[PDB]
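J.: Contents of query34.cif (mmCIF, C-alpha atoms) are given next:
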data_protein
loop_
_atom_site.label_atom_id
_atom_site.label_comp_id
_atom_site.auth_asym_id
_atom_site.auth_seq_id
_atom_site.Cartn_x
_atom_site.Cartn_y
_atom_site.Cartn_z
CA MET A 1 114.80 -2.35 93.35
CA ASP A 2 111.38 -3.54 92.08
CA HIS A 3 108.82 -0.94 93.34
CA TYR A 4 105.95 -3.24 92.29
CA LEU A 5 102.42 -3.74 93.56
CA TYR A 6 101.74 -7.48 93.59
CA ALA A 7 98.52 -9.36 92.89
CA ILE A 8 98.85 -13.01 93.88
CA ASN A 9 96.34 -15.84 93.44
CA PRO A 10 94.92 -18.05 96.20
CA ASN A 11 97.07 -20.91 94.89
CA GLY A 12 100.36 -19.05 95.37
CA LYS A 13 100.87 -18.03 91.73
CA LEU A 14 101.33 -14.53 90.29
CA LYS A 15 98.46 -12.71 88.60
CA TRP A 16 100.31 -9.49 87.83
CA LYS A 17 102.74 -7.01 89.29
CA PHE A 18 102.65 -3.28 88.56
CA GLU A 19 105.65 -0.92 88.59
CA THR A 20 105.82 2.41 90.39
CA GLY A 21 108.76 4.81 90.51
CA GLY A 22 109.70 4.09 94.10
CA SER A 23 109.13 1.72 96.96
CA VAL A 24 105.64 0.60 97.98
CA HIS A 25 105.23 0.95 101.74
CA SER A 26 101.54 1.87 101.73
CA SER A 27 99.07 -0.92 102.17
CA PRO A 28 96.53 -1.49 99.37
CA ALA A 29 92.85 -0.61 99.57
CA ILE A 30 90.03 -1.93 97.39
CA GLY A 31 86.98 0.00 96.30
CA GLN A 32 83.52 -1.38 95.49
CA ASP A 33 84.39 -1.55 91.78
CA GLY A 34 87.51 -3.67 92.41
CA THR A 35 89.99 -0.81 91.95
CA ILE A 36 93.16 -1.11 94.05
CA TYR A 37 94.73 2.01 95.58
CA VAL A 38 98.23 2.14 97.08
CA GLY A 39 100.98 4.67 97.63
CA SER A 40 104.66 4.66 96.76
CA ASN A 41 107.89 6.28 97.85
CA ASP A 42 107.84 7.97 94.42
CA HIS A 43 105.17 10.56 95.55
CA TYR A 44 102.01 9.29 93.79
CA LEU A 45 98.82 7.59 94.82
CA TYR A 46 98.11 4.96 92.15
CA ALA A 47 94.76 3.69 90.88
CA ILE A 48 95.28 0.26 89.25
CA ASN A 49 92.60 -1.65 87.34
CA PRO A 50 91.66 -5.20 88.36
CA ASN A 51 93.73 -6.52 85.47
CA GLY A 52 96.85 -4.61 86.52
CA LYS A 53 96.88 -1.62 84.18
CA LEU A 54 97.09 1.93 85.45
CA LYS A 55 93.80 3.78 85.83
CA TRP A 56 95.29 7.13 86.89
CA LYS A 57 98.13 8.38 89.07
CA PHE A 58 97.64 11.31 91.43
CA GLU A 59 100.71 13.29 92.48
CA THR A 60 101.25 14.66 96.00
CA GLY A 61 104.12 16.63 97.54
CA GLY A 62 105.99 13.68 99.06
CA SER A 63 106.34 9.93 99.54
CA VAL A 64 103.21 7.96 100.55
CA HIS A 65 103.63 5.63 103.57
CA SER A 66 100.11 6.33 104.82
CA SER A 67 97.63 3.65 103.72
CA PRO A 68 94.36 4.68 102.00
CA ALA A 69 90.84 4.48 103.33
CA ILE A 70 87.75 4.40 101.14
CA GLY A 71 84.58 6.14 102.24
CA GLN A 72 81.05 5.09 101.27
CA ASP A 73 80.77 7.42 98.26
CA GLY A 74 84.10 6.26 96.90
CA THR A 75 86.41 9.00 98.12
CA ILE A 76 89.98 7.77 98.72
CA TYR A 77 91.80 9.25 101.75
CA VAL A 78 95.58 9.02 102.20
CA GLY A 79 98.38 11.10 103.68
CA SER A 80 101.79 12.08 102.36
CA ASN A 81 105.20 12.40 103.95
CA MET B 1 113.84 -8.64 117.33
CA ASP B 2 111.81 -11.86 116.90
CA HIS B 3 110.65 -12.44 113.24
CA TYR B 4 107.54 -14.55 113.96
CA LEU B 5 103.87 -14.30 113.06
CA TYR B 6 102.06 -15.04 116.34
CA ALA B 7 98.67 -16.68 116.79
CA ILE B 8 97.36 -15.98 120.29
CA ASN B 9 94.05 -16.98 121.84
CA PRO B 10 91.53 -14.40 123.15
CA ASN B 11 92.49 -15.77 126.57
CA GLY B 12 96.08 -14.58 126.03
CA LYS B 13 97.75 -17.99 125.88
CA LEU B 14 99.82 -18.62 122.75
CA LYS B 15 98.14 -20.69 120.02
CA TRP B 16 101.07 -21.10 117.61
CA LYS B 17 103.97 -19.10 116.23
CA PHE B 18 105.29 -19.46 112.68
CA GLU B 19 108.92 -18.48 112.21
CA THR B 20 109.59 -16.36 109.12
CA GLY B 21 112.98 -15.21 107.85
CA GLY B 22 113.10 -11.66 109.19
CA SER B 23 111.15 -9.10 111.18
CA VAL B 24 107.44 -8.95 110.37
CA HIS B 25 106.55 -5.28 109.86
CA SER B 26 103.61 -6.41 107.75
CA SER B 27 100.18 -6.58 109.35
CA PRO B 28 98.29 -9.78 108.49
CA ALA B 29 95.03 -10.19 106.63
CA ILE B 30 92.51 -12.99 106.80
CA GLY B 31 90.93 -14.59 103.74
CA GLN B 32 87.66 -16.44 103.30
CA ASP B 33 88.91 -19.95 104.18
CA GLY B 34 90.81 -18.49 107.15
CA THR B 35 94.27 -18.42 105.57
CA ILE B 36 96.43 -15.73 107.21
CA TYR B 37 98.72 -13.69 104.91
CA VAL B 38 101.60 -11.42 105.93
CA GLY B 39 104.73 -9.97 104.41
CA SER B 40 108.21 -10.59 105.67
CA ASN B 41 111.42 -8.64 105.53
CA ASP B 42 112.95 -11.85 104.14
CA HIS B 43 111.24 -10.55 100.88
CA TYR B 44 108.24 -12.93 101.03
CA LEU B 45 104.49 -12.64 101.28
CA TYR B 46 103.60 -15.56 103.54
CA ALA B 47 100.29 -17.42 103.81
CA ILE B 48 99.56 -19.54 106.86
CA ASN B 49 96.84 -21.98 107.73
CA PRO B 50 94.84 -21.53 110.92
CA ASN B 51 97.07 -24.29 112.41
CA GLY B 52 100.44 -22.60 112.02
CA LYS B 53 101.49 -24.68 109.03
CA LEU B 54 102.90 -22.92 106.00
CA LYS B 55 100.46 -22.92 103.11
CA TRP B 56 102.82 -21.14 100.70
CA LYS B 57 105.15 -18.16 100.39
CA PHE B 58 105.62 -15.91 97.35
CA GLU B 59 109.06 -14.45 96.67
CA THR B 60 109.19 -10.72 95.99
CA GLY B 61 112.25 -8.87 94.78
CA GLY B 62 112.62 -7.05 98.09
CA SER B 63 111.43 -6.65 101.67
CA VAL B 64 107.64 -6.60 101.95
CA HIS B 65 106.60 -3.82 104.30
CA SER B 66 103.09 -3.42 102.90
CA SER B 67 100.22 -5.15 104.58
CA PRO B 68 98.14 -7.29 102.20
CA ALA B 69 94.59 -6.68 101.05
CA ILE B 70 92.16 -9.29 99.73
CA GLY B 71 89.67 -8.86 96.90
CA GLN B 72 86.19 -10.27 96.58
CA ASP B 73 87.47 -13.28 94.61
CA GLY B 74 90.32 -14.12 97.01
CA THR B 75 93.08 -12.36 95.08
CA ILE B 76 95.82 -11.20 97.45
CA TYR B 77 97.33 -7.77 96.78
CA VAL B 78 100.49 -6.37 98.38
CA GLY B 79 103.43 -4.08 97.69
CA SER B 80 107.19 -4.60 97.86
CA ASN B 81 110.26 -2.48 98.46
CA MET C 1 108.26 9.50 126.07
CA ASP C 2 104.60 8.53 126.70
CA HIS C 3 104.15 5.01 125.17
CA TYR C 4 100.37 5.27 125.63
CA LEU C 5 97.42 3.80 123.78
CA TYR C 6 94.80 6.53 123.46
CA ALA C 7 91.01 6.27 123.54
CA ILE C 8 89.41 9.53 122.43
CA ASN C 9 85.72 10.47 122.31
CA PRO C 10 83.79 11.65 119.25
CA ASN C 11 83.74 15.15 120.75
CA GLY C 12 87.54 15.46 120.91
CA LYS C 13 87.93 14.72 124.62
CA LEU C 14 90.01 11.99 126.30
CA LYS C 15 88.40 8.81 127.58
CA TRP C 16 91.58 7.12 128.80
CA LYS C 17 95.17 6.48 127.88
CA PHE C 18 97.05 3.29 128.77
CA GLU C 19 100.81 3.01 129.34
CA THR C 20 103.09 0.42 127.76
CA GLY C 21 106.83 0.06 128.24
CA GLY C 22 107.78 1.36 124.82
CA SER C 23 106.47 3.15 121.79
CA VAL C 24 103.17 2.20 120.16
CA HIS C 25 103.64 1.87 116.42
CA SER C 26 101.14 -0.95 115.87
CA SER C 27 97.65 0.02 114.89
CA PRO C 28 94.80 -1.05 117.21
CA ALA C 29 92.32 -3.81 116.46
CA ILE C 30 88.93 -4.39 118.08
CA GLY C 31 87.34 -7.74 118.76
CA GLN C 32 83.62 -8.55 118.93
CA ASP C 33 83.62 -8.11 122.72
CA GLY C 34 85.10 -4.59 122.49
CA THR C 35 88.63 -5.61 123.50
CA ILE C 36 91.39 -3.50 121.92
CA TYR C 37 94.65 -5.15 120.83
CA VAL C 38 97.83 -3.24 119.93
CA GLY C 39 101.57 -3.79 119.96
CA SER C 40 104.42 -1.78 121.41
CA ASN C 41 108.13 -1.28 120.94
CA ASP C 42 108.47 -2.88 124.40
CA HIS C 43 107.91 -6.45 122.98
CA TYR C 44 104.35 -7.24 124.14
CA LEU C 45 100.96 -7.55 122.52
CA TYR C 46 98.49 -5.89 124.90
CA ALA C 47 94.85 -6.76 125.55
CA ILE C 48 93.11 -3.70 127.07
CA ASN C 49 89.55 -3.69 128.42
CA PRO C 50 86.98 -1.21 127.08
CA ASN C 51 87.47 0.88 130.20
CA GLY C 52 91.24 1.08 129.77
CA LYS C 53 92.55 -1.50 132.23
CA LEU C 54 94.89 -4.27 131.19
CA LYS C 55 93.30 -7.61 130.38
CA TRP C 56 96.54 -9.51 129.74
CA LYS C 57 99.90 -8.87 128.12
CA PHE C 58 101.52 -11.46 125.85
CA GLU C 59 105.29 -11.35 125.41
CA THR C 60 107.06 -12.02 122.10
CA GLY C 61 110.75 -11.98 121.15
CA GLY C 62 110.89 -8.42 119.81
CA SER C 63 109.16 -5.09 119.20
CA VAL C 64 105.68 -5.14 117.60
CA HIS C 65 105.23 -2.82 114.58
CA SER C 66 102.94 -5.30 112.81
CA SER C 67 99.26 -4.50 113.36
CA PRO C 68 96.88 -7.24 114.58
CA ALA C 69 94.11 -8.97 112.68
CA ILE C 70 91.18 -10.72 114.34
CA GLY C 71 89.75 -13.87 112.82
CA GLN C 72 86.13 -15.01 113.15
CA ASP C 73 86.70 -17.25 116.18
CA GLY C 74 88.55 -14.50 118.01
CA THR C 75 92.16 -15.44 117.32
CA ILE C 76 94.49 -12.41 117.25
CA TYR C 77 97.29 -12.48 114.63
CA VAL C 78 100.31 -10.17 114.80
CA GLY C 79 103.99 -10.27 113.89
CA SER C 80 107.10 -9.25 115.79
CA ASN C 81 110.33 -7.55 114.79
CA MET D 1 107.88 15.38 101.97
CA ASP D 2 104.36 16.91 101.90
CA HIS D 3 102.50 16.57 105.29
CA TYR D 4 98.91 16.63 103.97
CA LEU D 5 95.91 14.34 104.28
CA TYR D 6 94.55 14.11 100.72
CA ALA D 7 90.95 13.62 99.64
CA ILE D 8 90.84 12.48 96.01
CA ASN D 9 87.84 11.55 93.89
CA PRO D 10 87.42 8.08 92.32
CA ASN D 11 88.00 9.91 89.04
CA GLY D 12 91.51 10.90 90.22
CA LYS D 13 90.95 14.65 90.47
CA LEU D 14 91.78 16.16 93.86
CA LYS D 15 88.82 16.81 96.17
CA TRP D 16 90.59 18.66 99.00
CA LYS D 17 93.85 18.54 100.93
CA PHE D 18 94.14 19.39 104.63
CA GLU D 19 97.57 20.57 105.73
CA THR D 20 98.79 19.03 108.99
CA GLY D 21 101.99 19.89 110.85
CA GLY D 22 104.27 17.07 109.72
CA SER D 23 104.43 13.97 107.57
CA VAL D 24 101.35 11.74 107.77
CA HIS D 25 102.58 8.18 108.31
CA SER D 26 99.21 7.38 109.86
CA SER D 27 96.57 5.70 107.71
CA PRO D 28 93.12 7.27 108.10
CA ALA D 29 89.94 5.70 109.38
CA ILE D 30 86.35 6.65 108.67
CA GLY D 31 83.68 6.94 111.35
CA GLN D 32 79.91 6.64 111.16
CA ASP D 33 79.12 10.29 110.32
CA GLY D 34 81.97 10.28 107.78
CA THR D 35 84.57 12.06 109.90
CA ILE D 36 88.09 11.11 108.77
CA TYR D 37 90.72 10.58 111.51
CA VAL D 38 94.50 10.33 111.07
CA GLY D 39 97.60 10.79 113.16
CA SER D 40 100.31 13.30 112.45
CA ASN D 41 103.99 13.45 113.20
CA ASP D 42 103.23 16.89 114.67
CA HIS D 43 102.03 14.71 117.66
CA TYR D 44 98.28 15.03 116.91
CA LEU D 45 95.42 12.71 116.07
CA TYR D 46 93.44 14.76 113.56
CA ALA D 47 89.76 14.49 112.66
CA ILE D 48 88.48 16.00 109.43
CA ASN D 49 85.05 16.55 108.00
CA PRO D 50 84.18 15.23 104.56
CA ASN D 51 84.71 18.83 103.32
CA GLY D 52 88.34 19.28 104.34
CA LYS D 53 87.55 21.44 107.35
CA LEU D 54 89.19 20.61 110.65
CA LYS D 55 86.73 19.11 113.10
CA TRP D 56 89.25 18.82 115.95
CA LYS D 57 92.75 17.63 116.78
CA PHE D 58 93.89 15.86 119.96
CA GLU D 59 97.40 16.53 121.27
CA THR D 60 99.46 13.47 122.14
CA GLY D 61 102.79 13.58 123.92
CA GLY D 62 104.64 12.43 120.81
CA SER D 63 104.48 11.61 117.11
CA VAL D 64 101.45 9.49 116.23
CA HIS D 65 102.53 6.71 113.87
CA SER D 66 99.66 4.37 114.70
CA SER D 67 96.63 4.30 112.50
CA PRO D 68 93.35 4.80 114.40
CA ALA D 69 90.61 2.27 114.98
CA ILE D 70 86.97 3.02 115.77
CA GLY D 71 84.71 1.15 118.17
CA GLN D 72 81.04 0.37 117.85
CA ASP D 73 80.10 3.49 119.85
CA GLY D 74 82.34 5.88 117.90
CA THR D 75 85.26 5.85 120.34
CA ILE D 76 88.52 6.52 118.51
CA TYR D 77 91.55 4.48 119.58
CA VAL D 78 95.17 5.15 118.59
CA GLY D 79 98.73 4.85 119.86
CA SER D 80 101.52 7.37 120.28
CA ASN D 81 105.31 7.34 120.29
#
Could the structure of this file be written out as structure tokens, please?
T.:
Amino acid sequence: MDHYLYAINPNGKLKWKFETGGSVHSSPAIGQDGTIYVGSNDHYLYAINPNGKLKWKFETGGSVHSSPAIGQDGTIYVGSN
Amino acid sequence: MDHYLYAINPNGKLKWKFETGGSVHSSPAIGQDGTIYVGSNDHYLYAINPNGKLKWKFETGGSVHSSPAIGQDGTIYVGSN
Amino acid sequence: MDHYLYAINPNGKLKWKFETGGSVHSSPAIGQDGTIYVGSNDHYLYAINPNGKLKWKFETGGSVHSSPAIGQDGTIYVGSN
Amino acid sequence: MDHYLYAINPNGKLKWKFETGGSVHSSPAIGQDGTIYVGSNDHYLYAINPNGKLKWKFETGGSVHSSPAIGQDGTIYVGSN
């Protein structure tokens, strides 16, 4: 499979996709600085930069179907399976 | 099973329905000009006008479960299976 | 099973629950007038009043795991399975 | 499998994790005082402080897949299986 997070332009064209190690069921969230957070079936929560490069990957105990929330001070909240 | 994205008035009467290729697990998102986006299990991220006409669809490698998010500049982000 | 939509108070106590005909996997959305919209495994999208009584129920072709969006003019958008 | 709700800093380092009873499919939501809410497959809608301490949990009849929504007045809405 593909396992990618997609970033698509208003005109229908691709901007970038980013690869995780498993399927992306989480829905993306976007913090004040433009960072995109999303979970994967591969265990991690991923921080991707607006241009599509990894920022960091945090590792939890299981797959991530829960979708992140961002609180005022920038904390990212998400559950794990 | 149904497979549509439904537009329904606050009064409860249907406004329009747009048939996609498979079940819509994806929750829609609304951009600045009012375009509605939503994944489809037919592997596409769809984008609909406020009048039920297809604007465009973007082909992903797999089923799109993830619900899209929209950045400040209109970029549409979403994950695929 | 229960099939209910729950409305819980900041203090942990119950305000009301509402019964559908099947399981509630959709996540709720809230329109400007306080109306709560959510889907069910039983096929319908449900409009519930702030006090917990039905407002109307719209019927689609399949179960509703997609979660609704509300656009500016009050349209409710949701997919079906 | 993991079962936690994770709080992670914008820098990527863990802030706290709060163990719930089962997998967290539910996506969290953030209220006015900063309380984080989230369902759990252990049949509860949880509510966490910004410091990883349980505020309260509310027992539903079944697994809570739905992600909560919050009204103007702080009421927490959510659906159950």
J.: Specify as number ranges by chain each residue included when the PyMOL selection byres ((chain A and resi 3-10) around 8) is applied to this file.
T.: A: 1-2, 11-24, 40; B: 74-81
J.: What is the distance between atom CA of residue B:32 and atom CA of residue C:69, in Å to one decimal?
T.: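 These atoms are spaced 13.6 Å apart.
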J.: Can you spell out as an MDAnalysis selection string the set of residues that the PyMOL selection byres ((chain B) within 10 of (chain A)) selects in the structure I just provided?
T.: chainID B and resid 26:27 31 35 45:47 55:81
J.: May I ask for the distance between atom CA of residue D:52 and atom CA of residue A:54, given in Å to one decimal place?
T.: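 These two atoms are separated by 27.1 Å.
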J.: So the first atom is atom CA of residue D:48 and the second is atom CA of residue C:48; what is the distance between them in Å, to one decimal place?
T.: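 Distance reported for this atom pair: 26.8 Å.
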